[PDB]
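K.L.:
Quick one, target_35.cif (mmCIF, N, CA and C atoms):
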data_entry
#
loop_
_atom_site.label_atom_id
_atom_site.label_comp_id
_atom_site.auth_asym_id
_atom_site.auth_seq_id
_atom_site.Cartn_x
_atom_site.Cartn_y
_atom_site.Cartn_z
N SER T 22 0.82 -1.23 0.00
CA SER T 22 0.00 0.00 0.00
C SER T 22 0.84 1.26 0.00
N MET T 23 0.18 2.36 -0.35
CA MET T 23 0.82 3.62 -0.25
C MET T 23 1.05 3.96 1.23
N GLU T 24 0.14 3.56 2.14
CA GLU T 24 0.33 3.93 3.55
C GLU T 24 1.64 3.20 4.11
N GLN T 25 1.79 1.92 3.78
CA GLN T 25 2.95 1.14 4.28
C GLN T 25 4.20 1.82 3.82
N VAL T 26 4.23 2.27 2.57
CA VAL T 26 5.39 3.04 2.05
C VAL T 26 5.70 4.32 2.83
N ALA T 27 4.63 5.08 3.10
CA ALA T 27 4.73 6.35 3.88
C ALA T 27 5.28 6.05 5.28
N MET T 28 4.76 4.97 5.88
CA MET T 28 5.20 4.53 7.22
C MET T 28 6.71 4.18 7.17
N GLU T 29 7.08 3.43 6.13
CA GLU T 29 8.47 3.09 5.90
C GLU T 29 9.39 4.30 5.63
N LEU T 30 8.90 5.34 4.94
CA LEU T 30 9.68 6.55 4.76
C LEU T 30 9.97 7.28 6.12
N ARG T 31 8.95 7.32 6.98
CA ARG T 31 9.00 7.88 8.38
C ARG T 31 10.05 7.12 9.21
N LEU T 32 9.98 5.80 9.19
CA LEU T 32 10.99 4.96 9.88
C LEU T 32 12.40 5.24 9.37
N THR T 33 12.56 5.36 8.05
CA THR T 33 13.81 5.65 7.45
C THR T 33 14.32 6.98 7.89
N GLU T 34 13.42 7.95 7.96
CA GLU T 34 13.86 9.27 8.39
C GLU T 34 14.20 9.27 9.92
N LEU T 35 13.47 8.51 10.70
CA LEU T 35 13.80 8.38 12.16
C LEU T 35 15.17 7.75 12.30
N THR T 36 15.41 6.72 11.47
CA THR T 36 16.70 6.04 11.45
C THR T 36 17.80 7.00 11.10
N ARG T 37 17.56 7.91 10.13
CA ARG T 37 18.51 8.96 9.79
C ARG T 37 18.81 9.85 10.98
N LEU T 38 17.77 10.26 11.67
CA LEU T 38 17.96 11.18 12.81
C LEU T 38 18.68 10.43 13.97
N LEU T 39 18.25 9.21 14.26
CA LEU T 39 18.89 8.38 15.33
C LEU T 39 20.34 8.06 15.01
N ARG T 40 20.69 7.89 13.73
CA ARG T 40 22.09 7.73 13.39
C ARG T 40 22.92 8.94 13.76
N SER T 41 22.44 10.15 13.47
CA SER T 41 23.12 11.36 13.86
C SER T 41 23.21 11.47 15.44
N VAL T 42 22.10 11.18 16.12
CA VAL T 42 22.09 11.15 17.61
C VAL T 42 23.16 10.16 18.10
N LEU T 43 23.22 8.98 17.51
CA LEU T 43 24.16 7.96 17.98
C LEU T 43 25.59 8.44 17.81
N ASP T 44 25.85 9.13 16.69
CA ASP T 44 27.18 9.61 16.43
C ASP T 44 27.57 10.66 17.42
N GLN T 45 26.65 11.53 17.76
CA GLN T 45 26.90 12.59 18.72
C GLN T 45 27.13 11.99 20.12
N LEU T 46 26.35 10.99 20.50
CA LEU T 46 26.55 10.36 21.85
C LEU T 46 27.89 9.64 21.92
N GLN T 47 28.22 8.92 20.87
CA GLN T 47 29.45 8.18 20.85
C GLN T 47 30.71 9.09 20.85
N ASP T 48 30.61 10.31 20.33
CA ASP T 48 31.67 11.30 20.49
C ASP T 48 31.92 11.69 21.93
N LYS T 49 30.91 11.57 22.77
CA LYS T 49 31.09 11.82 24.20
C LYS T 49 31.78 10.71 24.95
N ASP T 50 32.26 9.72 24.20
CA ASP T 50 32.99 8.53 24.73
C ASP T 50 34.30 8.43 24.01
N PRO T 51 35.18 9.43 24.21
CA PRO T 51 36.39 9.39 23.38
C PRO T 51 37.36 8.28 23.74
N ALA T 52 37.27 7.76 24.97
CA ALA T 52 38.09 6.62 25.34
C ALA T 52 37.60 5.26 24.75
N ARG T 53 36.43 5.26 24.10
CA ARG T 53 35.85 4.06 23.50
C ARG T 53 35.55 2.95 24.51
N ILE T 54 35.23 3.37 25.73
CA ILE T 54 34.91 2.44 26.80
C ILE T 54 33.62 1.67 26.47
N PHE T 55 32.74 2.32 25.75
CA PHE T 55 31.37 1.76 25.52
C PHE T 55 31.18 1.36 24.05
N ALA T 56 32.26 1.32 23.28
CA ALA T 56 32.20 1.00 21.88
C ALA T 56 31.79 -0.40 21.52
N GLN T 57 32.18 -1.40 22.33
CA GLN T 57 31.97 -2.77 21.98
C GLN T 57 31.37 -3.52 23.23
N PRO T 58 30.76 -4.67 23.01
CA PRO T 58 30.36 -5.52 24.13
C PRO T 58 31.40 -5.85 25.09
N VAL T 59 31.08 -5.82 26.36
CA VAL T 59 32.00 -6.37 27.37
C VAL T 59 32.33 -7.82 26.97
N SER T 60 33.63 -8.11 26.86
CA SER T 60 34.12 -9.45 26.43
C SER T 60 33.87 -10.57 27.52
N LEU T 61 33.13 -11.62 27.17
CA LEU T 61 32.84 -12.69 28.08
C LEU T 61 34.06 -13.55 28.20
N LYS T 62 35.00 -13.48 27.23
CA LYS T 62 36.31 -14.16 27.47
C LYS T 62 37.07 -13.50 28.57
N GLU T 63 37.15 -12.16 28.57
CA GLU T 63 37.85 -11.36 29.59
C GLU T 63 37.12 -11.06 30.94
N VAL T 64 35.77 -11.06 30.89
CA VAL T 64 34.93 -10.94 32.07
C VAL T 64 33.92 -12.10 32.12
N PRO T 65 34.42 -13.31 32.46
CA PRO T 65 33.60 -14.50 32.30
C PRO T 65 32.32 -14.53 33.14
N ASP T 66 32.29 -13.83 34.26
CA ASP T 66 31.12 -13.79 35.15
C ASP T 66 30.14 -12.67 34.77
N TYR T 67 30.36 -11.95 33.65
CA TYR T 67 29.60 -10.68 33.44
C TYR T 67 28.07 -10.92 33.50
N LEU T 68 27.61 -11.99 32.91
CA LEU T 68 26.17 -12.19 32.75
C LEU T 68 25.52 -12.63 34.05
N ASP T 69 26.32 -13.01 35.06
CA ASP T 69 25.83 -13.24 36.38
C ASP T 69 25.45 -11.90 37.05
N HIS T 70 26.07 -10.82 36.57
CA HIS T 70 25.87 -9.47 37.14
C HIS T 70 24.85 -8.68 36.32
N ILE T 71 25.06 -8.65 35.03
CA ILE T 71 24.34 -7.78 34.11
C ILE T 71 23.49 -8.67 33.16
N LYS T 72 22.17 -8.51 33.31
CA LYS T 72 21.27 -9.34 32.54
C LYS T 72 20.97 -8.90 31.12
N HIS T 73 21.10 -7.58 30.81
CA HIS T 73 20.90 -7.12 29.50
C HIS T 73 22.12 -6.20 29.11
N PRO T 74 23.20 -6.84 28.67
CA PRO T 74 24.36 -6.08 28.18
C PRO T 74 24.02 -5.19 27.00
N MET T 75 24.77 -4.07 26.89
CA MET T 75 24.54 -3.18 25.76
C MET T 75 25.83 -2.42 25.50
N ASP T 76 25.95 -1.93 24.29
CA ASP T 76 27.14 -1.16 23.85
C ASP T 76 26.82 -0.44 22.53
N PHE T 77 27.68 0.48 22.11
CA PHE T 77 27.37 1.24 20.94
C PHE T 77 27.37 0.41 19.63
N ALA T 78 28.23 -0.60 19.50
CA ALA T 78 28.21 -1.40 18.28
C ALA T 78 26.90 -2.18 18.12
N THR T 79 26.42 -2.71 19.24
CA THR T 79 25.16 -3.44 19.29
C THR T 79 24.01 -2.51 18.89
N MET T 80 24.02 -1.28 19.40
CA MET T 80 22.97 -0.30 19.04
C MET T 80 23.01 0.03 17.54
N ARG T 81 24.22 0.16 17.02
CA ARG T 81 24.39 0.48 15.64
C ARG T 81 23.82 -0.64 14.75
N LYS T 82 24.02 -1.89 15.12
CA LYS T 82 23.46 -3.03 14.35
C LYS T 82 21.92 -2.95 14.32
N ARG T 83 21.34 -2.68 15.48
CA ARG T 83 19.90 -2.55 15.57
C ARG T 83 19.45 -1.35 14.75
N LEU T 84 20.13 -0.25 14.87
CA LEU T 84 19.74 0.95 14.14
C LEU T 84 19.70 0.69 12.62
N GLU T 85 20.74 0.07 12.11
CA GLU T 85 20.87 -0.13 10.66
C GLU T 85 19.94 -1.17 10.10
N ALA T 86 19.41 -2.04 10.94
CA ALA T 86 18.31 -2.89 10.60
C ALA T 86 16.96 -2.15 10.77
N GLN T 87 16.98 -0.81 10.88
CA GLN T 87 15.75 -0.09 11.31
C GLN T 87 14.94 -0.71 12.46
N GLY T 88 15.64 -1.16 13.52
CA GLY T 88 15.07 -1.80 14.62
C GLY T 88 14.61 -0.92 15.78
N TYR T 89 14.83 0.40 15.68
CA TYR T 89 14.27 1.32 16.68
C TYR T 89 12.95 1.95 16.11
N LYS T 90 11.84 1.63 16.71
CA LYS T 90 10.52 2.19 16.23
C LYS T 90 10.26 3.64 16.61
N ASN T 91 10.86 4.07 17.72
CA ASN T 91 10.66 5.38 18.28
C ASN T 91 11.93 5.74 19.10
N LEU T 92 12.07 7.00 19.46
CA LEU T 92 13.19 7.45 20.30
C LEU T 92 13.23 6.78 21.68
N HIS T 93 12.09 6.48 22.28
CA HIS T 93 12.06 5.80 23.59
C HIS T 93 12.86 4.49 23.59
N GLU T 94 12.66 3.67 22.57
CA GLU T 94 13.42 2.40 22.43
C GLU T 94 14.95 2.62 22.36
N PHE T 95 15.39 3.63 21.63
CA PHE T 95 16.76 4.01 21.46
C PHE T 95 17.32 4.49 22.78
N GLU T 96 16.58 5.35 23.45
CA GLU T 96 17.00 5.79 24.78
C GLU T 96 17.10 4.70 25.80
N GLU T 97 16.20 3.72 25.74
CA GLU T 97 16.29 2.56 26.61
C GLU T 97 17.68 1.86 26.51
N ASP T 98 18.10 1.65 25.28
CA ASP T 98 19.39 1.01 25.01
C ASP T 98 20.52 1.91 25.50
N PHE T 99 20.47 3.21 25.22
CA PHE T 99 21.56 4.08 25.71
C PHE T 99 21.65 4.06 27.25
N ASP T 100 20.52 4.07 27.90
CA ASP T 100 20.48 4.04 29.35
C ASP T 100 21.03 2.71 29.87
N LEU T 101 20.87 1.58 29.16
CA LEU T 101 21.45 0.32 29.58
C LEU T 101 22.97 0.38 29.60
N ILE T 102 23.51 1.04 28.60
CA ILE T 102 24.97 1.18 28.55
C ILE T 102 25.49 1.80 29.85
N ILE T 103 24.86 2.92 30.23
CA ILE T 103 25.25 3.71 31.40
C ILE T 103 24.97 2.93 32.69
N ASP T 104 23.71 2.42 32.79
CA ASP T 104 23.29 1.84 34.06
C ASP T 104 24.03 0.54 34.34
N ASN T 105 24.34 -0.25 33.33
CA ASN T 105 25.05 -1.55 33.48
C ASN T 105 26.46 -1.22 34.05
N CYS T 106 27.09 -0.21 33.46
CA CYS T 106 28.46 0.19 33.89
C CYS T 106 28.49 0.67 35.30
N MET T 107 27.51 1.48 35.71
CA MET T 107 27.45 2.04 37.04
C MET T 107 27.12 0.98 38.13
N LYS T 108 26.56 -0.15 37.71
CA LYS T 108 26.36 -1.25 38.63
C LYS T 108 27.63 -2.15 38.74
N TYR T 109 28.17 -2.56 37.62
CA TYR T 109 29.30 -3.49 37.59
C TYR T 109 30.57 -2.91 38.12
N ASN T 110 30.77 -1.62 37.85
CA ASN T 110 32.02 -0.95 38.28
C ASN T 110 31.79 -0.08 39.47
N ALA T 111 32.77 0.01 40.37
CA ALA T 111 32.67 0.86 41.51
C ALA T 111 32.83 2.33 41.18
N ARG T 112 32.28 3.17 42.02
CA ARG T 112 32.42 4.63 41.93
C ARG T 112 33.79 5.21 41.63
N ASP T 113 34.84 4.61 42.19
CA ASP T 113 36.19 5.11 42.05
C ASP T 113 36.96 4.59 40.80
N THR T 114 36.24 4.23 39.75
CA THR T 114 36.88 3.59 38.63
C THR T 114 36.74 4.48 37.43
N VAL T 115 37.70 4.34 36.48
CA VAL T 115 37.60 5.12 35.23
C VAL T 115 36.34 4.75 34.44
N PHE T 116 35.89 3.49 34.58
CA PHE T 116 34.68 3.06 33.88
C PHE T 116 33.45 3.74 34.40
N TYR T 117 33.22 3.73 35.72
CA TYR T 117 32.06 4.40 36.29
C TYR T 117 32.08 5.85 35.92
N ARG T 118 33.27 6.47 36.08
CA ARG T 118 33.35 7.91 35.84
C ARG T 118 33.04 8.23 34.36
N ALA T 119 33.48 7.36 33.47
CA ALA T 119 33.19 7.57 32.04
C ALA T 119 31.67 7.55 31.77
N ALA T 120 30.97 6.63 32.46
CA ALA T 120 29.54 6.55 32.32
C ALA T 120 28.83 7.76 32.83
N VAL T 121 29.27 8.32 33.96
CA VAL T 121 28.65 9.51 34.48
C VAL T 121 28.78 10.67 33.45
N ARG T 122 29.97 10.82 32.91
CA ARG T 122 30.27 11.90 31.95
C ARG T 122 29.44 11.73 30.66
N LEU T 123 29.32 10.49 30.22
CA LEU T 123 28.47 10.13 29.05
C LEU T 123 27.00 10.46 29.28
N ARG T 124 26.47 10.10 30.46
CA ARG T 124 25.11 10.43 30.84
C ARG T 124 24.91 11.97 30.83
N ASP T 125 25.82 12.66 31.46
CA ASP T 125 25.64 14.10 31.64
C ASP T 125 25.70 14.82 30.29
N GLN T 126 26.69 14.47 29.49
CA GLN T 126 26.87 15.08 28.18
C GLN T 126 25.83 14.64 27.18
N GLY T 127 25.32 13.43 27.30
CA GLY T 127 24.35 12.90 26.36
C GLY T 127 22.98 13.52 26.55
N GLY T 128 22.70 13.96 27.78
CA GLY T 128 21.41 14.54 28.17
C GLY T 128 20.99 15.66 27.27
N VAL T 129 21.96 16.50 26.92
CA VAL T 129 21.79 17.68 26.08
C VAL T 129 21.34 17.29 24.66
N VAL T 130 22.00 16.28 24.12
CA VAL T 130 21.80 15.76 22.77
C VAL T 130 20.42 15.13 22.70
N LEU T 131 20.12 14.32 23.71
CA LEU T 131 18.82 13.65 23.79
C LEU T 131 17.61 14.60 24.05
N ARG T 132 17.83 15.64 24.84
CA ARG T 132 16.83 16.69 24.98
C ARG T 132 16.40 17.31 23.65
N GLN T 133 17.34 17.62 22.74
CA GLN T 133 16.98 18.24 21.47
C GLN T 133 16.45 17.19 20.48
N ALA T 134 16.95 15.96 20.57
CA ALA T 134 16.41 14.90 19.76
C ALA T 134 14.93 14.71 19.98
N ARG T 135 14.48 14.73 21.23
CA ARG T 135 13.08 14.54 21.55
C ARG T 135 12.23 15.67 20.93
N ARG T 136 12.72 16.89 21.02
CA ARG T 136 12.04 18.02 20.40
C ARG T 136 11.94 17.81 18.87
N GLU T 137 13.04 17.39 18.21
CA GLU T 137 13.09 17.12 16.75
C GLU T 137 12.16 16.00 16.30
N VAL T 138 12.11 14.94 17.09
CA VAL T 138 11.24 13.83 16.77
C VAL T 138 9.76 14.25 16.84
N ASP T 139 9.36 14.89 17.93
CA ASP T 139 8.01 15.51 18.09
C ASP T 139 7.70 16.57 17.01
N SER T 140 8.62 17.53 16.86
CA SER T 140 8.48 18.60 15.85
C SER T 140 8.25 18.04 14.43
N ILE T 141 9.24 17.33 13.87
CA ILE T 141 9.11 16.70 12.53
C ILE T 141 8.06 15.56 12.45
N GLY T 142 7.55 15.09 13.59
CA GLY T 142 6.54 14.02 13.64
C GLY T 142 7.22 12.67 13.51
#
As structure tokens, please, write out the structure in this file.
P.N.:
Amino acid sequence: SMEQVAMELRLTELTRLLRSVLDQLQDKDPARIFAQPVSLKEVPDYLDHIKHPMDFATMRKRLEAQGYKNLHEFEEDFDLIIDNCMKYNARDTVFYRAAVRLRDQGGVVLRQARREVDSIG
């Protein structure tokens, strides 16, 4: 149908906007701490601690499959990255501190994204 096509154009455009959001958030992680999945070879007990692992490469795979239906879903994944790190790592660690800085800096980007998503529909 023509409606399914229109719906698909909207998803494609959301995917375009979320790609730009993802790039901007990932720039706030210059140490690349959150770039890839925590390695189960190197942290063999990880899944005993963290039930839903997340990282920027994993988000990017979902994004490029047009797997985010709305900004809420995308934000859920970004928040997992931060919240998983803040649980597994102690306060006095470069990892925890990196997550705090990512959360704080990302807030700004995500605030305007929400306005853009609502504004453009």
K.L.:
Any idea what's packed within 7 Å of residue 50 of chain T, counting only N, CA and C atoms, ignoring anything in its chain fewer than 5 positions away? Could you give it as a ChimeraX atom specification?
P.N.:
/T:45,55,123
K.L.:
The PyMOL selection byres (((chain T and resi 100 and name CA) around 12) and name CA) - which residues does that actually catch in the file I just gave you? List them as a ChimeraX atom specification.
P.N.:
/T:46,55,73-77,80,93-99,101-107,120-121,123-125,127-128,131
K.L.:
Can those selected residues be exported to a file as a short mmCIF file (atom, residue, chain, number, x, y, z; two decimals), in the frame of the given file so that it contains N, CA and C atoms?
P.N.:
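Just written: part-v7.cif:
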data_model
loop_
_atom_site.label_atom_id
_atom_site.label_comp_id
_atom_site.auth_asym_id
_atom_site.auth_seq_id
_atom_site.Cartn_x
_atom_site.Cartn_y
_atom_site.Cartn_z
N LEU T 46 26.35 10.99 20.50
CA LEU T 46 26.55 10.36 21.85
C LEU T 46 27.89 9.64 21.92
N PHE T 55 32.74 2.32 25.75
CA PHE T 55 31.37 1.76 25.52
C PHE T 55 31.18 1.36 24.05
N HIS T 73 21.10 -7.58 30.81
CA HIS T 73 20.90 -7.12 29.50
C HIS T 73 22.12 -6.20 29.11
N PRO T 74 23.20 -6.84 28.67
CA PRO T 74 24.36 -6.08 28.18
C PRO T 74 24.02 -5.19 27.00
N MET T 75 24.77 -4.07 26.89
CA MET T 75 24.54 -3.18 25.76
C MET T 75 25.83 -2.42 25.50
N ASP T 76 25.95 -1.93 24.29
CA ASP T 76 27.14 -1.16 23.85
C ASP T 76 26.82 -0.44 22.53
N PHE T 77 27.68 0.48 22.11
CA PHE T 77 27.37 1.24 20.94
C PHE T 77 27.37 0.41 19.63
N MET T 80 24.02 -1.28 19.40
CA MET T 80 22.97 -0.30 19.04
C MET T 80 23.01 0.03 17.54
N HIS T 93 12.09 6.48 22.28
CA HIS T 93 12.06 5.80 23.59
C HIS T 93 12.86 4.49 23.59
N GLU T 94 12.66 3.67 22.57
CA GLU T 94 13.42 2.40 22.43
C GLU T 94 14.95 2.62 22.36
N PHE T 95 15.39 3.63 21.63
CA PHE T 95 16.76 4.01 21.46
C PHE T 95 17.32 4.49 22.78
N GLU T 96 16.58 5.35 23.45
CA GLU T 96 17.00 5.79 24.78
C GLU T 96 17.10 4.70 25.80
N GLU T 97 16.20 3.72 25.74
CA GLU T 97 16.29 2.56 26.61
C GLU T 97 17.68 1.86 26.51
N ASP T 98 18.10 1.65 25.28
CA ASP T 98 19.39 1.01 25.01
C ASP T 98 20.52 1.91 25.50
N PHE T 99 20.47 3.21 25.22
CA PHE T 99 21.56 4.08 25.71
C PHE T 99 21.65 4.06 27.25
N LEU T 101 20.87 1.58 29.16
CA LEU T 101 21.45 0.32 29.58
C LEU T 101 22.97 0.38 29.60
N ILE T 102 23.51 1.04 28.60
CA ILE T 102 24.97 1.18 28.55
C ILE T 102 25.49 1.80 29.85
N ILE T 103 24.86 2.92 30.23
CA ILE T 103 25.25 3.71 31.40
C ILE T 103 24.97 2.93 32.69
N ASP T 104 23.71 2.42 32.79
CA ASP T 104 23.29 1.84 34.06
C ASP T 104 24.03 0.54 34.34
N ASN T 105 24.34 -0.25 33.33
CA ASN T 105 25.05 -1.55 33.48
C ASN T 105 26.46 -1.22 34.05
N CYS T 106 27.09 -0.21 33.46
CA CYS T 106 28.46 0.19 33.89
C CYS T 106 28.49 0.67 35.30
N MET T 107 27.51 1.48 35.71
CA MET T 107 27.45 2.04 37.04
C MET T 107 27.12 0.98 38.13
N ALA T 120 30.97 6.63 32.46
CA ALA T 120 29.54 6.55 32.32
C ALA T 120 28.83 7.76 32.83
N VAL T 121 29.27 8.32 33.96
CA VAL T 121 28.65 9.51 34.48
C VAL T 121 28.78 10.67 33.45
N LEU T 123 29.32 10.49 30.22
CA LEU T 123 28.47 10.13 29.05
C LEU T 123 27.00 10.46 29.28
N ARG T 124 26.47 10.10 30.46
CA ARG T 124 25.11 10.43 30.84
C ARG T 124 24.91 11.97 30.83
N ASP T 125 25.82 12.66 31.46
CA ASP T 125 25.64 14.10 31.64
C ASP T 125 25.70 14.82 30.29
N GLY T 127 25.32 13.43 27.30
CA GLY T 127 24.35 12.90 26.36
C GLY T 127 22.98 13.52 26.55
N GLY T 128 22.70 13.96 27.78
CA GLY T 128 21.41 14.54 28.17
C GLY T 128 20.99 15.66 27.27
N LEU T 131 20.12 14.32 23.71
CA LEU T 131 18.82 13.65 23.79
C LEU T 131 17.61 14.60 24.05
#
K.L.:
Find the distance between atom N of residue 30 of chain T and atom C of residue 136 of chain T and write it in Å to one decimal.
P.N.:
18.9 Å
K.L.:
What does the distance from atom N of residue 40 of chain T to atom C of residue 85 of chain T come to in Å, to one decimal?
P.N.:
9.8 Å
K.L.:
By how many Å are atom C of residue 60 of chain T and atom C of residue 47 of chain T apart?
P.N.:
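Between these atoms lies a distance of 21.0 Å.
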K.L.:
Would you place a box with edges along x, y and z of the file around all atoms of segment 42-47 of chain T listed there, add 8 Å to each of its six sides, and report the centre and edge lengths in Å to one decimal, as JSON?
P.N.:
{"center_x": 26.4, "center_y": 10.3, "center_z": 19.0, "size_x": 24.6, "size_y": 20.6, "size_z": 21.8}
K.L.:
Neighbours of residue 87 of chain T within 8 Å (all atoms listed in the file; same-chain residues fewer than 6 positions away dropped), as a PyMOL selection string?
P.N.:
chain T and resi 32-33+35-36+81
K.L.:
Find the residue from T:42, T:78, T:84, T:28 that sits nearest to residue 138 of chain T; use only C-alpha atoms when measuring.
P.N.:
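Closest to residue 138 of chain T, using only C-alpha atoms: T:42.
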K.L.:
What's around residue 70 of chain T at 8 Å? Count only N, CA and C atoms, leave out sequence neighbours fewer than 2 positions away in its own chain, and write the answer as an mmCIF file with N, CA and C atoms, in the coordinates of the input.
P.N.:
data_model
loop_
_atom_site.group_PDB
_atom_site.id
_atom_site.type_symbol
_atom_site.label_atom_id
_atom_site.label_comp_id
_atom_site.auth_asym_id
_atom_site.auth_seq_id
_atom_site.Cartn_x
_atom_site.Cartn_y
_atom_site.Cartn_z
ATOM 1 N N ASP T 66 32.290 -13.830 34.260
ATOM 2 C CA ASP T 66 31.120 -13.790 35.150
ATOM 3 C C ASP T 66 30.140 -12.670 34.770
ATOM 4 N N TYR T 67 30.360 -11.950 33.650
ATOM 5 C CA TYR T 67 29.600 -10.680 33.440
ATOM 6 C C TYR T 67 28.070 -10.920 33.500
ATOM 7 N N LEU T 68 27.610 -11.990 32.910
ATOM 8 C CA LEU T 68 26.170 -12.190 32.750
ATOM 9 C C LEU T 68 25.520 -12.630 34.050
ATOM 10 N N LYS T 72 22.170 -8.510 33.310
ATOM 11 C CA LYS T 72 21.270 -9.340 32.540
ATOM 12 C C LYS T 72 20.970 -8.900 31.120
ATOM 13 N N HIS T 73 21.100 -7.580 30.810
ATOM 14 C CA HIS T 73 20.900 -7.120 29.500
ATOM 15 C C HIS T 73 22.120 -6.200 29.110
ATOM 16 N N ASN T 105 24.340 -0.250 33.330
ATOM 17 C CA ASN T 105 25.050 -1.550 33.480
ATOM 18 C C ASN T 105 26.460 -1.220 34.050
ATOM 19 N N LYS T 108 26.560 -0.150 37.710
ATOM 20 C CA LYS T 108 26.360 -1.250 38.630
ATOM 21 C C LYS T 108 27.630 -2.150 38.740
ATOM 22 N N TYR T 109 28.170 -2.560 37.620
ATOM 23 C CA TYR T 109 29.300 -3.490 37.590
ATOM 24 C C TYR T 109 30.570 -2.910 38.120
#
K.L.:
Assign secondary structure with DSSP using the backbone only, and return the residues of chain T in helix (DSSP H, G or I) as number ranges by chain.
P.N.:
T: 23-48, 67-70, 77-85, 92-109, 115-141
K.L.:
Could segment 104-118 of chain T be completed with N, CA, C and O atoms and written as a tab-separated table (two decimals), in the frame of the given file, please?
P.N.:
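For reference, result-v4.tsv as written:
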chain	number	residue	atom	x	y	z
T	104	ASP	N	23.71	2.42	32.79
T	104	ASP	CA	23.29	1.84	34.06
T	104	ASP	C	24.03	0.54	34.34
T	104	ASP	O	24.36	0.26	35.51
T	105	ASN	N	24.34	-0.25	33.33
T	105	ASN	CA	25.05	-1.55	33.48
T	105	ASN	C	26.46	-1.22	34.05
T	105	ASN	O	26.94	-1.82	35.01
T	106	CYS	N	27.09	-0.21	33.46
T	106	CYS	CA	28.46	0.19	33.89
T	106	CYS	C	28.49	0.67	35.30
T	106	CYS	O	29.44	0.34	36.07
T	107	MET	N	27.51	1.48	35.71
T	107	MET	CA	27.45	2.04	37.04
T	107	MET	C	27.12	0.98	38.13
T	107	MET	O	27.30	1.27	39.31
T	108	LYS	N	26.56	-0.15	37.71
T	108	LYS	CA	26.36	-1.25	38.63
T	108	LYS	C	27.63	-2.15	38.74
T	108	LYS	O	28.06	-2.42	39.87
T	109	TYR	N	28.17	-2.56	37.62
T	109	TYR	CA	29.30	-3.49	37.59
T	109	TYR	C	30.57	-2.91	38.12
T	109	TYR	O	31.30	-3.56	38.90
T	110	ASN	N	30.77	-1.62	37.85
T	110	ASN	CA	32.02	-0.95	38.28
T	110	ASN	C	31.79	-0.08	39.47
T	110	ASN	O	30.73	0.62	39.59
T	111	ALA	N	32.77	0.01	40.37
T	111	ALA	CA	32.67	0.86	41.51
T	111	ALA	C	32.83	2.33	41.18
T	111	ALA	O	33.41	2.73	40.15
T	112	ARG	N	32.28	3.17	42.02
T	112	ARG	CA	32.42	4.63	41.93
T	112	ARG	C	33.79	5.21	41.63
T	112	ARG	O	33.91	6.16	40.89
T	113	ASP	N	34.84	4.61	42.19
T	113	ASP	CA	36.19	5.11	42.05
T	113	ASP	C	36.96	4.59	40.80
T	113	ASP	O	38.21	4.54	40.79
T	114	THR	N	36.24	4.23	39.75
T	114	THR	CA	36.88	3.59	38.63
T	114	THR	C	36.74	4.48	37.43
T	114	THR	O	35.75	5.26	37.31
T	115	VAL	N	37.70	4.34	36.48
T	115	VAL	CA	37.60	5.12	35.23
T	115	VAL	C	36.34	4.75	34.44
T	115	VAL	O	35.76	5.56	33.79
T	116	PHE	N	35.89	3.49	34.58
T	116	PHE	CA	34.68	3.06	33.88
T	116	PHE	C	33.45	3.74	34.40
T	116	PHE	O	32.62	4.28	33.59
T	117	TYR	N	33.22	3.73	35.72
T	117	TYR	CA	32.06	4.40	36.29
T	117	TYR	C	32.08	5.85	35.92
T	117	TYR	O	31.04	6.45	35.54
T	118	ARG	N	33.27	6.47	36.08
T	118	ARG	CA	33.35	7.91	35.84
T	118	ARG	C	33.04	8.23	34.36
T	118	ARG	O	32.45	9.28	34.06
